[PDB]
>>> print(open('data09.txt').read())   # compact mmCIF, N, CA, C and O atoms
# COMPACT_ATOMS: atom_id res chain seq x y z
N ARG A 109 63.26 15.00 75.33
CA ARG A 109 62.19 15.13 74.34
C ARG A 109 60.83 15.21 75.01
O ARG A 109 59.94 15.92 74.54
N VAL A 110 60.65 14.47 76.11
CA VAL A 110 59.41 14.58 76.87
C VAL A 110 59.31 15.95 77.53
O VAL A 110 58.23 16.54 77.60
N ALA A 111 60.43 16.48 78.02
CA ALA A 111 60.42 17.79 78.65
C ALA A 111 60.02 18.88 77.66
O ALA A 111 59.28 19.80 78.01
N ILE A 112 60.50 18.78 76.42
CA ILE A 112 60.09 19.73 75.39
C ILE A 112 58.63 19.53 75.04
O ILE A 112 57.90 20.49 74.78
N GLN A 113 58.18 18.27 75.02
CA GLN A 113 56.78 17.99 74.72
C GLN A 113 55.85 18.64 75.74
O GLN A 113 54.70 18.95 75.42
N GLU A 114 56.32 18.84 76.97
CA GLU A 114 55.48 19.47 77.98
C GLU A 114 55.14 20.90 77.59
O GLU A 114 53.99 21.34 77.74
N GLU A 115 56.12 21.65 77.09
CA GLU A 115 55.85 23.02 76.67
C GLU A 115 55.11 23.06 75.35
O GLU A 115 54.41 24.03 75.06
N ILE A 116 55.26 22.02 74.52
CA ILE A 116 54.50 21.95 73.28
C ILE A 116 53.02 21.80 73.58
O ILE A 116 52.16 22.43 72.95
N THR A 117 52.69 20.94 74.55
CA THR A 117 51.29 20.72 74.91
C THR A 117 50.71 21.92 75.63
O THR A 117 49.53 22.24 75.45
N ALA A 118 51.51 22.58 76.46
CA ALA A 118 51.04 23.79 77.13
C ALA A 118 50.73 24.88 76.11
O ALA A 118 49.72 25.58 76.22
N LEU A 119 51.61 25.05 75.12
CA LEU A 119 51.39 26.07 74.10
C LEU A 119 50.23 25.69 73.18
O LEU A 119 49.47 26.57 72.77
N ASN A 120 50.09 24.41 72.86
CA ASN A 120 48.99 23.98 72.01
C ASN A 120 47.65 24.24 72.68
O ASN A 120 46.71 24.71 72.04
N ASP A 121 47.55 23.95 73.97
CA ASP A 121 46.36 24.33 74.72
C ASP A 121 46.19 25.83 74.76
O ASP A 121 45.07 26.33 74.90
N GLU A 122 47.30 26.57 74.64
CA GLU A 122 47.22 28.03 74.62
C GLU A 122 46.56 28.52 73.33
O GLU A 122 45.79 29.48 73.35
N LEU A 123 46.87 27.87 72.20
CA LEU A 123 46.23 28.24 70.95
C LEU A 123 44.73 28.00 71.00
O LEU A 123 43.94 28.83 70.54
N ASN A 124 44.31 26.86 71.55
CA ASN A 124 42.89 26.55 71.61
C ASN A 124 42.16 27.50 72.55
O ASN A 124 40.98 27.80 72.35
N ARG A 125 42.84 27.97 73.60
CA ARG A 125 42.23 28.94 74.49
C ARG A 125 42.04 30.28 73.79
O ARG A 125 41.02 30.94 73.97
N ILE A 126 43.02 30.69 72.98
CA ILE A 126 42.89 31.94 72.24
C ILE A 126 41.73 31.84 71.26
O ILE A 126 40.94 32.78 71.12
N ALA A 127 41.61 30.72 70.56
CA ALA A 127 40.55 30.56 69.58
C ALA A 127 39.17 30.58 70.24
O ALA A 127 38.24 31.20 69.72
N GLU A 128 39.04 29.93 71.39
CA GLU A 128 37.74 29.75 72.02
C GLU A 128 37.31 30.93 72.88
O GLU A 128 36.12 31.06 73.16
N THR A 129 38.24 31.78 73.31
CA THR A 129 37.92 32.86 74.23
C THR A 129 37.95 34.24 73.59
O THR A 129 37.27 35.14 74.09
N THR A 130 38.72 34.44 72.52
CA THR A 130 38.74 35.73 71.86
C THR A 130 37.34 36.09 71.40
O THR A 130 36.66 35.28 70.77
N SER A 131 36.91 37.31 71.71
CA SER A 131 35.54 37.72 71.42
C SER A 131 35.49 39.24 71.35
O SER A 131 36.42 39.93 71.78
N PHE A 132 34.40 39.74 70.80
CA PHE A 132 34.12 41.17 70.70
C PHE A 132 32.79 41.42 71.39
O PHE A 132 31.73 41.37 70.75
N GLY A 133 32.83 41.69 72.68
CA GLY A 133 31.61 41.82 73.46
C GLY A 133 30.84 40.52 73.55
O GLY A 133 29.61 40.52 73.43
N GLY A 134 31.54 39.40 73.76
CA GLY A 134 30.91 38.10 73.85
C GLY A 134 30.69 37.40 72.53
O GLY A 134 30.27 36.23 72.54
N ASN A 135 30.96 38.06 71.41
CA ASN A 135 30.79 37.47 70.09
C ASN A 135 32.09 36.77 69.71
O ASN A 135 33.03 37.41 69.22
N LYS A 136 32.15 35.46 69.92
CA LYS A 136 33.38 34.73 69.65
C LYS A 136 33.78 34.88 68.19
O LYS A 136 32.93 34.81 67.29
N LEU A 137 35.07 35.07 67.96
CA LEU A 137 35.60 35.35 66.63
C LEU A 137 36.40 34.20 66.04
O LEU A 137 36.15 33.78 64.91
N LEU A 138 37.36 33.66 66.78
CA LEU A 138 38.38 32.80 66.21
C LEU A 138 38.05 31.31 66.29
O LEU A 138 38.86 30.50 65.82
N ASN A 139 36.92 30.92 66.85
CA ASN A 139 36.59 29.50 66.98
C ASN A 139 35.81 28.96 65.80
O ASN A 139 35.44 27.78 65.81
N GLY A 140 35.54 29.77 64.78
CA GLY A 140 34.84 29.32 63.60
C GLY A 140 33.34 29.52 63.64
O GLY A 140 32.69 29.31 62.61
N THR A 141 32.77 29.90 64.78
CA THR A 141 31.34 30.17 64.85
C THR A 141 30.97 31.53 64.29
O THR A 141 29.79 31.78 64.03
N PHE A 142 31.95 32.41 64.10
CA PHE A 142 31.67 33.70 63.47
C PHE A 142 31.22 33.51 62.03
O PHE A 142 30.26 34.15 61.58
N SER A 143 31.88 32.62 61.29
CA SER A 143 31.53 32.30 59.91
C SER A 143 31.60 33.61 59.11
O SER A 143 32.53 34.40 59.34
N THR A 144 30.66 33.88 58.21
CA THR A 144 30.68 35.07 57.38
C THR A 144 29.60 36.03 57.86
O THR A 144 28.43 35.64 57.98
N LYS A 145 29.99 37.27 58.12
CA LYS A 145 29.06 38.32 58.54
C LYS A 145 29.25 39.52 57.63
O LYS A 145 30.38 39.93 57.36
N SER A 146 28.14 40.08 57.17
CA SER A 146 28.16 41.19 56.22
C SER A 146 28.02 42.50 56.98
O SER A 146 27.14 42.64 57.84
N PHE A 147 28.89 43.46 56.67
CA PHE A 147 28.93 44.76 57.32
C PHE A 147 28.37 45.80 56.36
O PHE A 147 28.90 45.98 55.26
N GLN A 148 27.32 46.49 56.78
CA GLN A 148 26.62 47.44 55.92
C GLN A 148 27.36 48.77 55.95
O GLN A 148 27.31 49.49 56.95
N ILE A 149 28.02 49.10 54.84
CA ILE A 149 28.76 50.36 54.71
C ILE A 149 28.14 51.11 53.53
O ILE A 149 28.54 50.94 52.38
N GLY A 150 27.16 51.96 53.82
CA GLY A 150 26.47 52.68 52.77
C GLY A 150 25.21 53.36 53.25
O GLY A 150 24.61 52.95 54.25
N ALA A 151 24.80 54.42 52.55
CA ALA A 151 23.61 55.17 52.93
C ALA A 151 22.32 54.49 52.49
O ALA A 151 21.25 54.91 52.94
N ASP A 152 22.39 53.48 51.64
CA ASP A 152 21.23 52.76 51.16
C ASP A 152 21.44 51.27 51.41
O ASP A 152 22.57 50.80 51.51
N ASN A 153 20.34 50.54 51.50
CA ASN A 153 20.42 49.12 51.78
C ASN A 153 21.04 48.37 50.60
O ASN A 153 21.01 48.83 49.46
N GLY A 154 21.60 47.21 50.89
CA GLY A 154 22.18 46.36 49.87
C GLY A 154 23.64 46.59 49.60
O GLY A 154 24.21 45.89 48.74
N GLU A 155 24.28 47.52 50.28
CA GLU A 155 25.70 47.81 50.10
C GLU A 155 26.43 47.35 51.36
O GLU A 155 26.58 48.10 52.32
N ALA A 156 26.87 46.09 51.35
CA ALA A 156 27.57 45.50 52.47
C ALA A 156 28.72 44.65 51.95
O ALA A 156 28.73 44.22 50.80
N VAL A 157 29.70 44.43 52.82
CA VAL A 157 30.91 43.69 52.48
C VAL A 157 31.02 42.49 53.42
O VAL A 157 30.80 42.63 54.63
N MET A 158 31.37 41.34 52.87
CA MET A 158 31.41 40.10 53.62
C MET A 158 32.79 39.90 54.24
O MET A 158 33.78 39.75 53.51
N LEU A 159 32.85 39.90 55.56
CA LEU A 159 34.06 39.58 56.30
C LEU A 159 33.97 38.13 56.77
O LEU A 159 32.96 37.72 57.34
N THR A 160 35.03 37.37 56.53
CA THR A 160 35.08 35.96 56.90
C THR A 160 36.19 35.76 57.92
O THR A 160 37.35 36.07 57.65
N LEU A 161 35.82 35.24 59.09
CA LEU A 161 36.77 34.86 60.12
C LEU A 161 36.80 33.34 60.22
O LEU A 161 35.74 32.71 60.31
N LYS A 162 37.99 32.76 60.20
CA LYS A 162 38.16 31.33 60.08
C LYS A 162 38.55 30.71 61.42
O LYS A 162 39.00 31.38 62.35
N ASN B 55 -23.74 93.48 46.45
CA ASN B 55 -23.71 93.29 47.90
C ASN B 55 -23.69 91.81 48.25
O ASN B 55 -22.97 91.39 49.16
N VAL B 56 -24.48 91.01 47.54
CA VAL B 56 -24.51 89.58 47.78
C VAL B 56 -23.18 88.95 47.41
O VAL B 56 -22.72 87.99 48.05
N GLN B 57 -22.54 89.45 46.35
CA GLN B 57 -21.26 88.90 45.94
C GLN B 57 -20.14 89.33 46.88
O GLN B 57 -19.18 88.59 47.09
N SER B 58 -20.25 90.53 47.45
CA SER B 58 -19.22 91.00 48.37
C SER B 58 -19.27 90.21 49.68
O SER B 58 -18.24 89.77 50.19
N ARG B 59 -20.47 90.04 50.23
CA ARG B 59 -20.61 89.22 51.43
C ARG B 59 -20.21 87.78 51.16
O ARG B 59 -19.52 87.15 51.97
N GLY B 60 -20.63 87.23 50.02
CA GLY B 60 -20.24 85.88 49.67
C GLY B 60 -18.74 85.73 49.50
O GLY B 60 -18.17 84.69 49.83
N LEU B 61 -18.08 86.77 48.99
CA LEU B 61 -16.63 86.71 48.83
C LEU B 61 -15.93 86.76 50.17
O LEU B 61 -14.87 86.15 50.35
N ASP B 62 -16.49 87.50 51.13
CA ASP B 62 -15.91 87.52 52.47
C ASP B 62 -15.98 86.14 53.11
O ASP B 62 -15.03 85.70 53.75
N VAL B 63 -17.11 85.45 52.95
CA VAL B 63 -17.21 84.08 53.42
C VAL B 63 -16.23 83.19 52.68
O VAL B 63 -15.67 82.25 53.24
N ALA B 64 -16.01 83.48 51.39
CA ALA B 64 -15.12 82.65 50.59
C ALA B 64 -13.69 82.73 51.09
O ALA B 64 -12.97 81.72 51.09
N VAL B 65 -13.24 83.91 51.52
CA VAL B 65 -11.90 84.03 52.09
C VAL B 65 -11.83 83.29 53.42
O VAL B 65 -10.79 82.71 53.77
N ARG B 66 -12.91 83.33 54.19
CA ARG B 66 -12.96 82.58 55.44
C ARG B 66 -12.85 81.08 55.18
O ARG B 66 -12.17 80.37 55.92
N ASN B 67 -13.53 80.59 54.14
CA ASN B 67 -13.50 79.16 53.85
C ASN B 67 -12.16 78.75 53.26
O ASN B 67 -11.68 77.63 53.50
N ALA B 68 -11.55 79.62 52.46
CA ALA B 68 -10.22 79.34 51.94
C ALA B 68 -9.20 79.28 53.06
O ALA B 68 -8.29 78.45 53.05
N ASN B 69 -9.34 80.17 54.04
CA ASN B 69 -8.43 80.16 55.18
C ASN B 69 -8.61 78.90 56.02
O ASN B 69 -7.63 78.32 56.49
N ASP B 70 -9.86 78.47 56.22
CA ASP B 70 -10.09 77.25 57.00
C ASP B 70 -9.48 76.04 56.31
O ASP B 70 -8.89 75.18 56.97
N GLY B 71 -9.61 75.95 54.99
CA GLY B 71 -8.95 74.88 54.27
C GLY B 71 -7.44 74.96 54.37
O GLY B 71 -6.76 73.94 54.38
N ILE B 72 -6.90 76.18 54.44
CA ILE B 72 -5.47 76.35 54.66
C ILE B 72 -5.11 75.87 56.06
O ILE B 72 -4.02 75.33 56.29
N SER B 73 -6.00 76.07 57.03
CA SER B 73 -5.74 75.64 58.39
C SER B 73 -5.66 74.12 58.48
O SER B 73 -4.77 73.57 59.14
N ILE B 74 -6.59 73.42 57.82
CA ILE B 74 -6.62 71.97 57.89
C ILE B 74 -5.43 71.38 57.15
O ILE B 74 -4.81 70.40 57.59
N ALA B 75 -5.10 71.95 55.99
CA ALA B 75 -3.95 71.47 55.24
C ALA B 75 -2.65 71.76 55.97
O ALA B 75 -1.68 71.01 55.87
N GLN B 76 -2.61 72.88 56.70
CA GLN B 76 -1.41 73.22 57.46
C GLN B 76 -1.21 72.27 58.63
O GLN B 76 -0.10 71.78 58.86
N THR B 77 -2.28 72.01 59.39
CA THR B 77 -2.18 71.11 60.53
C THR B 77 -1.81 69.70 60.10
O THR B 77 -0.96 69.06 60.73
N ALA B 78 -2.42 69.21 59.03
CA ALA B 78 -2.09 67.88 58.54
C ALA B 78 -0.63 67.80 58.13
O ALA B 78 0.03 66.79 58.38
N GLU B 79 -0.12 68.84 57.48
CA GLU B 79 1.29 68.84 57.10
C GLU B 79 2.20 68.88 58.32
O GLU B 79 3.25 68.23 58.34
N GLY B 80 1.81 69.63 59.35
CA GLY B 80 2.63 69.69 60.55
C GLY B 80 2.75 68.34 61.22
O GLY B 80 3.83 67.97 61.70
N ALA B 81 1.65 67.59 61.28
CA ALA B 81 1.71 66.24 61.83
C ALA B 81 2.59 65.33 60.99
O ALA B 81 3.38 64.55 61.53
N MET B 82 2.47 65.41 59.66
CA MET B 82 3.31 64.59 58.80
C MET B 82 4.77 65.00 58.87
O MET B 82 5.64 64.24 58.42
N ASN B 83 5.07 66.18 59.40
CA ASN B 83 6.46 66.56 59.61
C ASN B 83 7.13 65.63 60.62
O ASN B 83 8.28 65.21 60.43
N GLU B 84 6.42 65.30 61.70
CA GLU B 84 6.97 64.39 62.69
C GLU B 84 6.92 62.95 62.23
O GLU B 84 7.73 62.13 62.67
N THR B 85 5.97 62.61 61.35
CA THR B 85 5.97 61.27 60.77
C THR B 85 7.22 61.04 59.94
O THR B 85 7.80 59.95 59.95
N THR B 86 7.65 62.06 59.20
CA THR B 86 8.90 61.96 58.46
C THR B 86 10.09 61.83 59.40
O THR B 86 11.00 61.03 59.15
N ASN B 87 10.10 62.61 60.48
CA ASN B 87 11.22 62.57 61.41
C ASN B 87 11.31 61.22 62.11
O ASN B 87 12.40 60.72 62.39
N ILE B 88 10.16 60.61 62.42
CA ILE B 88 10.15 59.31 63.07
C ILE B 88 10.62 58.24 62.09
O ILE B 88 11.39 57.34 62.46
N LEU B 89 10.15 58.30 60.84
CA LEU B 89 10.55 57.31 59.85
C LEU B 89 12.04 57.40 59.56
O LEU B 89 12.70 56.37 59.34
N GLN B 90 12.59 58.61 59.54
CA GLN B 90 14.03 58.76 59.33
C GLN B 90 14.81 58.12 60.46
O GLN B 90 15.86 57.50 60.23
N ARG B 91 14.33 58.26 61.69
CA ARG B 91 14.98 57.60 62.82
C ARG B 91 14.90 56.09 62.69
O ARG B 91 15.86 55.38 62.99
N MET B 92 13.75 55.57 62.25
CA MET B 92 13.61 54.14 62.04
C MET B 92 14.57 53.65 60.96
O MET B 92 15.02 52.50 60.99
N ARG B 93 14.87 54.51 59.98
CA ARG B 93 15.78 54.12 58.91
C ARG B 93 17.22 54.08 59.40
O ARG B 93 18.00 53.22 58.98
N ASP B 94 17.59 55.02 60.27
CA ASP B 94 18.92 54.98 60.86
C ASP B 94 19.11 53.75 61.73
O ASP B 94 20.17 53.13 61.73
N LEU B 95 18.08 53.39 62.50
CA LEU B 95 18.16 52.20 63.34
C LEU B 95 18.29 50.94 62.50
O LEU B 95 19.06 50.04 62.84
N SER B 96 17.55 50.86 61.40
CA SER B 96 17.61 49.68 60.55
C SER B 96 18.99 49.51 59.94
O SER B 96 19.52 48.39 59.88
N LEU B 97 19.60 50.60 59.48
CA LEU B 97 20.95 50.52 58.94
C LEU B 97 21.95 50.09 60.00
O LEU B 97 22.86 49.31 59.73
N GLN B 98 21.79 50.60 61.23
CA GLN B 98 22.66 50.19 62.32
C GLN B 98 22.46 48.72 62.66
O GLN B 98 23.41 48.04 63.07
N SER B 99 21.24 48.22 62.51
CA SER B 99 20.94 46.84 62.87
C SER B 99 21.33 45.86 61.77
O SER B 99 21.33 44.65 62.02
N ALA B 100 21.64 46.34 60.57
CA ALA B 100 22.00 45.45 59.48
C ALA B 100 23.45 45.01 59.54
O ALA B 100 23.84 44.09 58.82
N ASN B 101 24.26 45.65 60.38
CA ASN B 101 25.67 45.30 60.50
C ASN B 101 25.85 43.91 61.10
O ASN B 101 25.04 43.45 61.91
N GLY B 102 26.93 43.24 60.71
CA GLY B 102 27.27 41.96 61.27
C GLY B 102 27.98 42.00 62.60
O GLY B 102 28.16 40.96 63.23
N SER B 103 28.39 43.19 63.06
CA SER B 103 29.01 43.28 64.38
C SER B 103 28.00 43.00 65.48
O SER B 103 28.35 42.42 66.51
N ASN B 104 26.75 43.40 65.28
CA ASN B 104 25.72 43.14 66.27
C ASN B 104 25.46 41.64 66.41
O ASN B 104 25.33 40.92 65.41
N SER B 105 25.40 41.18 67.65
CA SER B 105 24.82 39.88 67.96
C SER B 105 23.30 40.04 68.02
O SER B 105 22.75 41.08 67.66
N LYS B 106 22.60 39.01 68.49
CA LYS B 106 21.15 39.10 68.59
C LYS B 106 20.71 40.10 69.65
O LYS B 106 19.65 40.72 69.51
N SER B 107 21.51 40.28 70.70
CA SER B 107 21.08 41.09 71.83
C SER B 107 20.84 42.54 71.42
O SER B 107 19.79 43.12 71.74
N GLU B 108 21.79 43.15 70.71
CA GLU B 108 21.62 44.54 70.31
C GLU B 108 20.53 44.69 69.26
O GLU B 108 19.85 45.71 69.23
>>> encode(input="data09.txt", output="structure tokens")
Amino acid sequence: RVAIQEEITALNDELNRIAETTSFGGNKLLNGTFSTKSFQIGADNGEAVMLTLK
Amino acid sequence: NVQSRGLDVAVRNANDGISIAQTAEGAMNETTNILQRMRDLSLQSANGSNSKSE
């Protein structure tokens, strides 16, 4: 059970590494600092869609 | 004779006013082109993909 726990902890640290390091040109996505960002899709101002990354 | 000479000056003055109105419009042609570029940049900058750097 301890031997299995070793790979559980290695994989759990793997999830936290994915969350903290995944980025789009340095803009971290999966660690929760992205929050909600609005993407302007339209020829006039005020037409944007809210993307939420958790 | 006085009206004919005066009318010749009148065409000269009408042409000069056309010259000033033409030059002013030509300059405002580039003012429109610059403002349109500023509008494209603003729309590009309103996206949430950009971080502060861009």
>>> interface_residues(input="data09.txt", of="chain B", to="chain A", cutoff="5 Å", atoms="only N, CA, C and O atoms", output="list in words")
residues 100, 101 and 102 of chain B
>>> axis_aligned_box(input="data09.txt", around="range 93-100 of chain B", padding_each_side="3 Å", output="lines of an AutoDock Vina configuration file")
center_x = 19.4
center_y = 49.6
center_z = 61.1
size_x = 15.0
size_y = 16.9
size_z = 10.5
>>> select_by_dssp(input="data09.txt", residues="chain A", states="strand (DSSP E or B)", output="JSON, numbers by chain")
{"A": [131, 132, 135, 136, 143, 144, 145, 146, 147, 148, 156, 157, 158, 159, 160, 161]}
>>> write_last_selection(input="data09.txt", atoms="N, CA, C and O atoms", output="CSV table (one decimal), in the frame of the given file")
chain,number,residue,atom,x,y,z
A,131,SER,N,36.9,37.3,71.7
A,131,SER,CA,35.5,37.7,71.4
A,131,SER,C,35.5,39.2,71.4
A,131,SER,O,36.4,39.9,71.8
A,132,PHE,N,34.4,39.7,70.8
A,132,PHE,CA,34.1,41.2,70.7
A,132,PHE,C,32.8,41.4,71.4
A,132,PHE,O,31.7,41.4,70.8
A,135,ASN,N,31.0,38.1,71.4
A,135,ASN,CA,30.8,37.5,70.1
A,135,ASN,C,32.1,36.8,69.7
A,135,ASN,O,33.0,37.4,69.2
A,136,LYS,N,32.2,35.5,69.9
A,136,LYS,CA,33.4,34.7,69.6
A,136,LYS,C,33.8,34.9,68.2
A,136,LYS,O,32.9,34.8,67.3
A,143,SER,N,31.9,32.6,61.3
A,143,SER,CA,31.5,32.3,59.9
A,143,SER,C,31.6,33.6,59.1
A,143,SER,O,32.5,34.4,59.3
A,144,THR,N,30.7,33.9,58.2
A,144,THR,CA,30.7,35.1,57.4
A,144,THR,C,29.6,36.0,57.9
A,144,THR,O,28.4,35.6,58.0
A,145,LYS,N,30.0,37.3,58.1
A,145,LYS,CA,29.1,38.3,58.5
A,145,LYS,C,29.2,39.5,57.6
A,145,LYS,O,30.4,39.9,57.4
A,146,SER,N,28.1,40.1,57.2
A,146,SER,CA,28.2,41.2,56.2
A,146,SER,C,28.0,42.5,57.0
A,146,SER,O,27.1,42.6,57.8
A,147,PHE,N,28.9,43.5,56.7
A,147,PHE,CA,28.9,44.8,57.3
A,147,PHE,C,28.4,45.8,56.4
A,147,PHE,O,28.9,46.0,55.3
A,148,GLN,N,27.3,46.5,56.8
A,148,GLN,CA,26.6,47.4,55.9
A,148,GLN,C,27.4,48.8,56.0
A,148,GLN,O,27.3,49.5,57.0
A,156,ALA,N,26.9,46.1,51.4
A,156,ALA,CA,27.6,45.5,52.5
A,156,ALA,C,28.7,44.6,52.0
A,156,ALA,O,28.7,44.2,50.8
A,157,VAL,N,29.7,44.4,52.8
A,157,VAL,CA,30.9,43.7,52.5
A,157,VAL,C,31.0,42.5,53.4
A,157,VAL,O,30.8,42.6,54.6
A,158,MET,N,31.4,41.3,52.9
A,158,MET,CA,31.4,40.1,53.6
A,158,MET,C,32.8,39.9,54.2
A,158,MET,O,33.8,39.8,53.5
A,159,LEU,N,32.8,39.9,55.6
A,159,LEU,CA,34.1,39.6,56.3
A,159,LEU,C,34.0,38.1,56.8
A,159,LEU,O,33.0,37.7,57.3
A,160,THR,N,35.0,37.4,56.5
A,160,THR,CA,35.1,36.0,56.9
A,160,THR,C,36.2,35.8,57.9
A,160,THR,O,37.4,36.1,57.6
A,161,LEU,N,35.8,35.2,59.1
A,161,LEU,CA,36.8,34.9,60.1
A,161,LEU,C,36.8,33.3,60.2
A,161,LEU,O,35.7,32.7,60.3
>>> atom_distance(input="data09.txt", atom1="atom C of residue 82 in chain B", atom2="CA of residue 94 in chain B")
17.5 Å
>>> residues_around(input="data09.txt", residues="residue 137 in chain A", least_positions_apart="4", cutoff="10 Å", atoms="only C-alpha atoms", output="NGL selection string")
:A and (126-132 or 141-143 or 160-162)
>>> select_by_dssp(input="data09.txt", residues="chain A", states="helix (DSSP H, G or I)", output="PyMOL selection string")
chain A and resi 110-129
>>> write_last_selection(input="data09.txt", atoms="N, CA, C and O atoms", output="PDB file, in the coordinates of the input")
ATOM      1  N   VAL A 110      60.650  14.470  76.110  1.00  0.00           N
ATOM      2  CA  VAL A 110      59.410  14.580  76.870  1.00  0.00           C
ATOM      3  C   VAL A 110      59.310  15.950  77.530  1.00  0.00           C
ATOM      4  O   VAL A 110      58.230  16.540  77.600  1.00  0.00           O
ATOM      5  N   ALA A 111      60.430  16.480  78.020  1.00  0.00           N
ATOM      6  CA  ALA A 111      60.420  17.790  78.650  1.00  0.00           C
ATOM      7  C   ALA A 111      60.020  18.880  77.660  1.00  0.00           C
ATOM      8  O   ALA A 111      59.280  19.800  78.010  1.00  0.00           O
ATOM      9  N   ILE A 112      60.500  18.780  76.420  1.00  0.00           N
ATOM     10  CA  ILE A 112      60.090  19.730  75.390  1.00  0.00           C
ATOM     11  C   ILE A 112      58.630  19.530  75.040  1.00  0.00           C
ATOM     12  O   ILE A 112      57.900  20.490  74.780  1.00  0.00           O
ATOM     13  N   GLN A 113      58.180  18.270  75.020  1.00  0.00           N
ATOM     14  CA  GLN A 113      56.780  17.990  74.720  1.00  0.00           C
ATOM     15  C   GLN A 113      55.850  18.640  75.740  1.00  0.00           C
ATOM     16  O   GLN A 113      54.700  18.950  75.420  1.00  0.00           O
ATOM     17  N   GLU A 114      56.320  18.840  76.970  1.00  0.00           N
ATOM     18  CA  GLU A 114      55.480  19.470  77.980  1.00  0.00           C
ATOM     19  C   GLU A 114      55.140  20.900  77.590  1.00  0.00           C
ATOM     20  O   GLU A 114      53.990  21.340  77.740  1.00  0.00           O
ATOM     21  N   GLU A 115      56.120  21.650  77.090  1.00  0.00           N
ATOM     22  CA  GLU A 115      55.850  23.020  76.670  1.00  0.00           C
ATOM     23  C   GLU A 115      55.110  23.060  75.350  1.00  0.00           C
ATOM     24  O   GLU A 115      54.410  24.030  75.060  1.00  0.00           O
ATOM     25  N   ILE A 116      55.260  22.020  74.520  1.00  0.00           N
ATOM     26  CA  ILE A 116      54.500  21.950  73.280  1.00  0.00           C
ATOM     27  C   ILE A 116      53.020  21.800  73.580  1.00  0.00           C
ATOM     28  O   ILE A 116      52.160  22.430  72.950  1.00  0.00           O
ATOM     29  N   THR A 117      52.690  20.940  74.550  1.00  0.00           N
ATOM     30  CA  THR A 117      51.290  20.720  74.910  1.00  0.00           C
ATOM     31  C   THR A 117      50.710  21.920  75.630  1.00  0.00           C
ATOM     32  O   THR A 117      49.530  22.240  75.450  1.00  0.00           O
ATOM     33  N   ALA A 118      51.510  22.580  76.460  1.00  0.00           N
ATOM     34  CA  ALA A 118      51.040  23.790  77.130  1.00  0.00           C
ATOM     35  C   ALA A 118      50.730  24.880  76.110  1.00  0.00           C
ATOM     36  O   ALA A 118      49.720  25.580  76.220  1.00  0.00           O
ATOM     37  N   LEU A 119      51.610  25.050  75.120  1.00  0.00           N
ATOM     38  CA  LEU A 119      51.390  26.070  74.100  1.00  0.00           C
ATOM     39  C   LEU A 119      50.230  25.690  73.180  1.00  0.00           C
ATOM     40  O   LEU A 119      49.470  26.570  72.770  1.00  0.00           O
ATOM     41  N   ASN A 120      50.090  24.410  72.860  1.00  0.00           N
ATOM     42  CA  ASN A 120      48.990  23.980  72.010  1.00  0.00           C
ATOM     43  C   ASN A 120      47.650  24.240  72.680  1.00  0.00           C
ATOM     44  O   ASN A 120      46.710  24.710  72.040  1.00  0.00           O
ATOM     45  N   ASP A 121      47.550  23.950  73.970  1.00  0.00           N
ATOM     46  CA  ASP A 121      46.360  24.330  74.720  1.00  0.00           C
ATOM     47  C   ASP A 121      46.190  25.830  74.760  1.00  0.00           C
ATOM     48  O   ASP A 121      45.070  26.330  74.900  1.00  0.00           O
ATOM     49  N   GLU A 122      47.300  26.570  74.640  1.00  0.00           N
ATOM     50  CA  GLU A 122      47.220  28.030  74.620  1.00  0.00           C
ATOM     51  C   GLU A 122      46.560  28.520  73.330  1.00  0.00           C
ATOM     52  O   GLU A 122      45.790  29.480  73.350  1.00  0.00           O
ATOM     53  N   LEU A 123      46.870  27.870  72.200  1.00  0.00           N
ATOM     54  CA  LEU A 123      46.230  28.240  70.950  1.00  0.00           C
ATOM     55  C   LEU A 123      44.730  28.000  71.000  1.00  0.00           C
ATOM     56  O   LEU A 123      43.940  28.830  70.540  1.00  0.00           O
ATOM     57  N   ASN A 124      44.310  26.860  71.550  1.00  0.00           N
ATOM     58  CA  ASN A 124      42.890  26.550  71.610  1.00  0.00           C
ATOM     59  C   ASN A 124      42.160  27.500  72.550  1.00  0.00           C
ATOM     60  O   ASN A 124      40.980  27.800  72.350  1.00  0.00           O
ATOM     61  N   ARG A 125      42.840  27.970  73.600  1.00  0.00           N
ATOM     62  CA  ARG A 125      42.230  28.940  74.490  1.00  0.00           C
ATOM     63  C   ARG A 125      42.040  30.280  73.790  1.00  0.00           C
ATOM     64  O   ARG A 125      41.020  30.940  73.970  1.00  0.00           O
ATOM     65  N   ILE A 126      43.020  30.690  72.980  1.00  0.00           N
ATOM     66  CA  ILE A 126      42.890  31.940  72.240  1.00  0.00           C
ATOM     67  C   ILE A 126      41.730  31.840  71.260  1.00  0.00           C
ATOM     68  O   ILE A 126      40.940  32.780  71.120  1.00  0.00           O
ATOM     69  N   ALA A 127      41.610  30.720  70.560  1.00  0.00           N
ATOM     70  CA  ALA A 127      40.550  30.560  69.580  1.00  0.00           C
ATOM     71  C   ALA A 127      39.170  30.580  70.240  1.00  0.00           C
ATOM     72  O   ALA A 127      38.240  31.200  69.720  1.00  0.00           O
ATOM     73  N   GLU A 128      39.040  29.930  71.390  1.00  0.00           N
ATOM     74  CA  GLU A 128      37.740  29.750  72.020  1.00  0.00           C
ATOM     75  C   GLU A 128      37.310  30.930  72.880  1.00  0.00           C
ATOM     76  O   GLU A 128      36.120  31.060  73.160  1.00  0.00           O
ATOM     77  N   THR A 129      38.240  31.780  73.310  1.00  0.00           N
ATOM     78  CA  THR A 129      37.920  32.860  74.230  1.00  0.00           C
ATOM     79  C   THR A 129      37.950  34.240  73.590  1.00  0.00           C
ATOM     80  O   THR A 129      37.270  35.140  74.090  1.00  0.00           O
TER      81      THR A 129
END
>>> atom_distance(input="data09.txt", atom1="CA of residue 139 in chain A", atom2="CA of residue 123 in chain A")
10.5 Å
>>> atom_distance(input="data09.txt", atom1="atom C of residue 117 in chain A", atom2="atom C of residue 140 in chain A")
22.4 Å
